[PDB]
Amino acid sequence: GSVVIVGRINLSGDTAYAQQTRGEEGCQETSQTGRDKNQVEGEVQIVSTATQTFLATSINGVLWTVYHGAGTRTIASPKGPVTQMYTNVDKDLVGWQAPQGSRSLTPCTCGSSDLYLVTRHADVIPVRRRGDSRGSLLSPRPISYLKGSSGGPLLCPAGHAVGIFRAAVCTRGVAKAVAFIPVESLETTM
Ligand SMILES: C=C[C@@H]1C[C@]1(NC(=O)[C@@H]1C[C@@H]2CN1C(=O)[C@H](C(C)(C)C)NC(=O)O[C@@H]1C[C@H]1CCCCCc1nc3ccc(OC)cc3nc1O2)C(=O)NS(=O)(=O)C1CC1
Ligand SMILES: [Zn+2]
């Protein structure tokens with residue numbers, strides 16, 4: 001079945017917080033039809049498949065996420081299933097067209113190396129950029145704390161997107177760094 005939107009990570013007002021906008025029973029049904037009537041808002045969504053929950057990010061008219069979450073699934077829209085606009089397995093990438101209601105982020109051009117990852121829990125965790133696809137956390141966390149966050153953006157200190165969270169670098173079960181698909185790598189895909 002189709003990937004379904006089931007909430008959003010908000011940074012609209014002042015505070016960073018999750019907003020579940022759908023329940024579970026009524027997930028495994030919209031995922032049958034792919035007709036999502038529910039109101040969608042803003043940049044960072046929570047989407048789910050039957051088995052998994054993870055994030056997805058809109059940057060200039062494309063809702064991006066990870067292929068390792070979404071597989072080759074359509075997404076649910078008010079008009080039916082919306083086919084993937086972009087599907088790179090190697091990168092771990094999947095793009096659809098930005099769903100209706102949404103906002104979209106602006107792609108980062110300031111080349112700052114201070115960044116901010118956004119987990120499914122509404123935590124905006126500091127990350128110092130460390131080259132190409134990678135960043136180091138200022139305060140390491142256990143892996144489990146970040147599972148379900150793939151698809152969320154890394155932001156720069158002015159609101160723009162630098163990439164999309166892909167994987168976490170762990171030893172001992174502890175994450176001191178992460179792997180993301182940089183924005184330069186997205187428009188290359190387009
Ligand atoms: C903090 C959680 C973290 C963000 C999450 N990502 C992962 O867990 C990924 C998925 C998988 C293993 N991942 C990892 O993070 C591992 C892990 C040991 C688990 C820390 N880390 C790791 O390999 O480190 C190595 C240095 C990097 C080398 C690069 C790794 C390659 C990345 C990757 N690519 C592809 C492309 C296609 C695939 O086809 C199906 C599959 C893939 N799988 C991949 O990695 C997540 O939250 N997921 S999620 O939301 O819970 C789930 C619902 C969706
Ligand atoms: Zn920037």
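1. A short note on the site of ligand 1
Of all residues adjacent to ligand 1, which total 17 residues, the nearest are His68, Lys147, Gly148, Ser150 and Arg166. Within the side chain of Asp92, an N or O atom sits 3.4 Å from a nitrogen atom of ligand 1. Within the backbone of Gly148, an N or O atom sits 3.0 Å from an oxygen atom of ligand 1. In the complex, the protein chains occlude 65% of the 960 Å² of accessible area that ligand 1 would expose alone. Among the elements of the structure, α2 (67–70) and β14 (161–171) are those that each provide at least two residues to the shell around ligand 1. Split by domain, the shell around ligand 1 shows at least three residues from each of two domains, domain 1 (1–105) and domain 2 (106–190).

2. Remarks on the coordination of the zinc ion (ligand 2)
Coordination of the zinc ion (ligand 2) by the protein comes from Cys108 (SG) and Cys110 (SG), over a distance range of 2.2 to 2.5 Å. Here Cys110 falls in the partly exposed class, since its relative accessible area comes to 47%.

3. Side note on the sheet that holds β14
As summarised here, the arrangement of the six strands in space is β10-β11-β12-β15-β14-β13, forming a closed barrel in which the pairing is antiparallel. Averaged over all pairs of adjacent strands, the angle between their axes in this sheet comes to 45°, without regard to strand direction. Both strand β13 (residues 153–155) and β14 contribute to a ladder of three bridges, which runs antiparallel. In the strand pairing of β14, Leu154 is matched with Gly163.

4. A closer look at the sheet that holds strand β5 (residues 62–65)
Neighbouring strands of a sheet are bound in pairs by backbone hydrogen bonds; such pairs are parallel or else antiparallel. Spatial ordering of the open sheet is given by β2-β1-β3-β4-β5-β9-β8, a layout of seven strands whose pairing is antiparallel. Each edge of the sheet is formed by a strand with only one pairing partner; in this case those strands are β2 (17–20) and β8 (86–88). Within the sheet, the average angular offset between the axes of one strand and its neighbour, ignoring direction, is 25°. Here three bridges tie β8 to strand β9 (residues 93–97), and the two strands are oriented antiparallel to one another. Residue pairing across strands places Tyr86 opposite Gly95, the latter belonging to β9.

5. What to know about the nonpolar core
Judged by nonpolar contacts, the single largest core of 14 residues is most densely connected at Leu117, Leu137, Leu146, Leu154, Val162 and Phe165. Elements with a minimum of two residues in this core: β10 (114–118), β11 (124–131), β14 and β15 (174–182). If one sorts the elements of this core by residue count, β15 sits on top with three residues. Listed in part, the 12 residues of the second largest apolar core include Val3, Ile75, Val94 and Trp96.

6. Section: the packing of aromatic side chains
In the structure shown here, the tally under the stated rule is one aromatic pair. Ring centres 5.2 Å apart and planes at 15° place the aromatic pair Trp64 and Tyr86 in the stacked group. Here the residue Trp64 occupies a position in strand β5, and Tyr86 occupies one in strand β8, the gap between them amounting to 22 residues. Of the residues examined, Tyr86 reaches a relative accessible area of 15% and is grouped as buried.

7. What about the UniProt feature "binding site: Zn(2+) 2" (unreviewed entry) in the protein?
When the UniProt feature table is mapped onto this chain numbering, "binding site: Zn(2+) 2" (unreviewed entry) sits at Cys108, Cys110, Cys156 and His160. Across 53 residues of sequence, these annotated residues stay compact in space, with a maximum C-alpha separation of 8.9 Å. Its place among the elements puts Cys110 in the loop between β9 and β10. Within the secondary structure, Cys156 sits in the loop between β13 and β14. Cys156 has contacts with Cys108, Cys110, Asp114, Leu115, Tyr116 and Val162, leaving out every residue within four places of it along the chain.

8. Quick word on the pattern of salt bridges
Pairing between side chains becomes possible if they bear opposite charge and their charged atoms approach one another. Within this structure, the stated rule accounts for two salt bridges. Between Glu41 and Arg8 there is a salt bridge, and its shortest N-O distance comes to 3.1 Å. Here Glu41, found in the loop between α1 (30–33) and β3 (44–48), pairs with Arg8, found in strand β1 (residues 4–10); they are 33 residues apart in sequence, far enough to count as distant. Accessibility expressed as a relative area gives 4% for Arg8, which makes it buried. Between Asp36 and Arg22 there is a salt bridge whose closest N-O contact spans 2.8 Å. Here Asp36, found in the loop between α1 and β3, pairs with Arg22, found in the loop between β2 and α1; they are 14 residues apart in sequence, far enough to count as distant.

Procedures and definitions
- Throughout, residue numbers begin from 1 within each chain and advance along the sequence as written. They need not agree with those in the entry, and any residue without coordinates is left out.
- Ligands are numbered from 1 and chains lettered from A, in the order in which they are written.
- Values reported for side chains reflect all heavy atoms of the structure, with hydrogen atoms and water molecules removed beforehand.
- Residues with missing side-chain atoms are left out of burial classes, side-chain pairs and their counts.
- Nearness of a residue to a molecule or strand requires only that one of the residue's heavy atoms be within 4 Å of it.
- Between N or O atoms, a polar contact is any pair within 3.5 Å; within protein, one atom must be a potential hydrogen donor and the other a potential acceptor, and residues adjacent in sequence are included only when both atoms are from side chains.
- Accessibility throughout is a Shrake-Rupley quantity obtained with a 1.4 Å probe, and a residue counts as covered only by protein chains that appear here.
- In this text, helices come from DSSP runs of H or I with a minimum length of four residues, and strands from runs of E with a minimum of two, each type numbered from the N-terminal end.
- How far each domain reaches was decided by an automatic or database domain assignment.
- Coordinating N, O and S atoms are those within 2.8 Å of the metal (3.2 Å for Na, K and Ca), and as water is not part of the atoms, a site may appear to have fewer donors than expected.
- A 1.4 Å probe rolled over the protein chains alone gives each residue an accessible area, and that area as a share of the maximum for its type sets the label: buried under 20%, exposed over 50%, partly exposed in between.
- What makes two strands pair is DSSP finding at least two bridges between them.
- Only the contacting stretch of a helix is used when fitting its axis, a line to C-alpha atoms as for every element, and angles between N-to-C directions run 0 to 180 degrees.
- We define the nonpolar core as a collection of buried residues of types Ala, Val, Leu, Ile, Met, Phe, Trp, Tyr and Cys that are connected through side-chain atoms lying within 4.5 Å of one another.
- Between rings of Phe, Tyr and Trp, where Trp is taken as its six-membered ring, a pair exists when centres lie within 6.5 Å; planes separated by under 30 degrees are stacked, by over 60 edge-to-face, and by other angles tilted.
- UniProt positions are given in the numbering used here, feature names are shortened, and annotations may be inferred rather than shown by experiment.
- We call two residues in contact whenever any of their non-hydrogen atoms come within 4.5 Å of each other.
- Every case where a carboxyl oxygen of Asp or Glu lies within 4 Å of a side-chain nitrogen of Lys or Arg is listed as a salt bridge.

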